[PDB]
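Spelled out, the chains give:
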Amino acid sequence: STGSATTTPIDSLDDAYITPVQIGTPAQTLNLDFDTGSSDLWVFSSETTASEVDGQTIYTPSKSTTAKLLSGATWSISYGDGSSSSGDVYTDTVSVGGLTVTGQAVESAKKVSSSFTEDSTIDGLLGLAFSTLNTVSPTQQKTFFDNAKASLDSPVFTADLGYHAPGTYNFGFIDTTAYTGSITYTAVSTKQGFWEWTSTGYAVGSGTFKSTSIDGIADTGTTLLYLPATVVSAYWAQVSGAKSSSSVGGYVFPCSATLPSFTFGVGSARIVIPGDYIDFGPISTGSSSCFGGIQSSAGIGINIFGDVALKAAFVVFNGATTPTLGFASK
């Protein structure tokens, strides 16, 4: 089997991407944030505290003839941005882009933190990291990809995120028309439950490539590119007037600037992030200070190849017995 679904930016900055997902019988379609940095499929639901729902579409398990309470199971998750959610668990039929899994754990939110409530466009998350990170207790549950894997033509999914445009998530096949050149594959460590890999270095603009190992995670659920402070300082030093602002929470730059590109290494290959992809716009409406898309990972404890980096590439998440990551230009 295979599946193919379009993923759409939630706003003009590509702050996140939503993908329609069919849950239950008859289908209830919710727009979920596919997140390769976590491993829970959770949804706003008829059980969510009413004051914490503000425009999201909800899953109502009582209206699904295939929903079954997973008796005794609870879940609770906290994300790197400080957001959180928790609740109970149903199993139900879940389909993405024509690919169907029966008996998928659908984690129904009883509580969500304010940032989820305040984002009316995201109806939940669909985790695509390794199932060892799934938070369901006392019986840990498998991700949608883990459940589908054995049925897929090939045990892979791909992320093809757009810059200020829709893109595609495919399951079970590699669309050879979706990228240019060849795909360069690189080793993955699953020890932390992430799609963790080691970049071979970086360049700023037209500058020379610096060969240096950068361990980080491929995370579609993180907006920006978070790298070591040395790398990030080298980038922003090429932008007149750019500075790190403790009050704003990272590097800002004059909105009048033209940003240089940023290149990252994948083995001997190179992925170029155009300068425009690094512009996240005014810090507040009407400001001439703009927020940077490359930020320091210092204090986060891990480097994160988020959407800013991933949208510059066609990315293969290879879930073979020994997982690997592939990157191609596009």
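Residues numbered from 1 in each chain as written, not as in the entry; some residues may be left out. Heavy atoms only, no water. Residues with missing side-chain atoms left out of burial classes, pairs and counts.

Participant: Would you mind showing me how to read the pattern of salt bridges here?
Facilitator: Under the defined criterion, the tally for this structure stands at 2 salt bridges. The salt bridge involving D160 is made with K330; its shortest N-O contact spans 2.7 Å. With a gap of 170 residues between them, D160 in strand β9 (residues 156-160) and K330 in the segment after β24 (324-328) connect regions that are remote in the sequence. Residue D160 is classed as buried on the basis of its relative accessible area, which comes to 16%. (Salt bridge = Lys/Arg side-chain N within 4 Å of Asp/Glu carboxyl O. Helix = DSSP H or I, 4+ residues; strand = E, 2+ residues; numbered from the N terminus. Buried < 20%, exposed > 50% of the residue type's maximum accessible area, 1.4 Å probe, protein only.)

Participant: Would you take a moment to explain the state of the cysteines for this structure?
Facilitator: What makes a disulfide is a covalent bond joining the sulfur atoms belonging to two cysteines. Evaluated as defined, the whole model comprises 1 disulfide. Note that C255 is cross-linked by a disulfide to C290, the S-S spacing being 2.0 Å. Taking the sign of the S-S torsion, 110 degrees for the link of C255 and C290, the bridge is right-handed. Here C255, found in the loop between β16 (250-254) and β17 (262-266), pairs with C290, found in strand β20 (residues 289-292); they are 35 residues apart in sequence, far enough to count as distant. You can call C255 partly exposed: its relative accessible area is 27%. (Disulfide = S-S within 2.5 Å.)

Participant: In this structure, what is going on with the sheet that holds strand β19 (residues 279-282)? I would like to understand it.
Facilitator: Strand pairing within a sheet occurs via backbone hydrogen bonds; the two strands may be parallel or antiparallel. With antiparallel pairing, 4 strands are arranged side by side in an open sheet as β15-β16-β20-β19. The open sheet terminates on both sides in strands that have one partner only, identified here as β15 (243-245) and β19. Mean inter-strand twist for the sheet, computed between neighbouring axes without regard to direction, equals 40 degrees. In the sheet, β19 pairs with β20 via 2 bridges, with the strands oriented antiparallel. Looking at the pairing, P282 lines up with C290 of β20. (Pairing = 2+ DSSP bridges. Axes fitted to C-alpha atoms, helices over the stretch in contact; angles between N-to-C directions.)

Participant: Would you take a moment to explain the nonpolar core for this structure?
Facilitator: Taken as a class, soluble globular proteins show a tendency for nonpolar side chains to be buried jointly. Counting 74 residues, the largest nonpolar core has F171, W236, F262, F264, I273 and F327 as its most contacted members. It is helix α3 (residues 229-236) that contributes the most residues to this core, 4 residues altogether. The two domains that each donate at least three residues to this core are domain 1 (5-174) and domain 2 (175-330). Those residues in contact with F262, other than ones at most four positions away along the chain, are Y202, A203, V204, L225, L227, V231, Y235, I271, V272, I273, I278 and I294. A16, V89, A105 and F116 belong to the second largest nonpolar core, which has 16 residues in total. (Core = buried A, V, L, I, M, F, W, Y, C linked by side-chain atoms within 4.5 Å. Domains from an automatic or database assignment. Contact = heavy atoms within 4.5 Å.)

Participant: Could you clarify how one ought to interpret the packing of aromatic side chains in this entry?
Facilitator: The description of two aromatic rings rests on the distance between their centres and on the angle between their planes. Scanning the entire structure with this criterion turns up 25 aromatic pairs. Look at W195 and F317: their rings are 5.2 Å apart centre to centre, the planes differ by 90 degrees, and that puts the pair in the edge-to-face class. A residue pair is termed long-range when its members are at least 10 positions apart, and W195 in the loop between β11 (184-187) and β12 (196-204) and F317 in strand β23 (residues 314-318) qualify at 122 residues. Judged by relative accessible area, which is 1%, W195 ranks as buried. On the numbers, 5.9 Å between centres and 80 degrees between planes, the contact of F264 with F327 is edge-to-face. (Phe/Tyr/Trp six-rings, centres within 6.5 Å; stacked < 30°, edge-to-face > 60°.)

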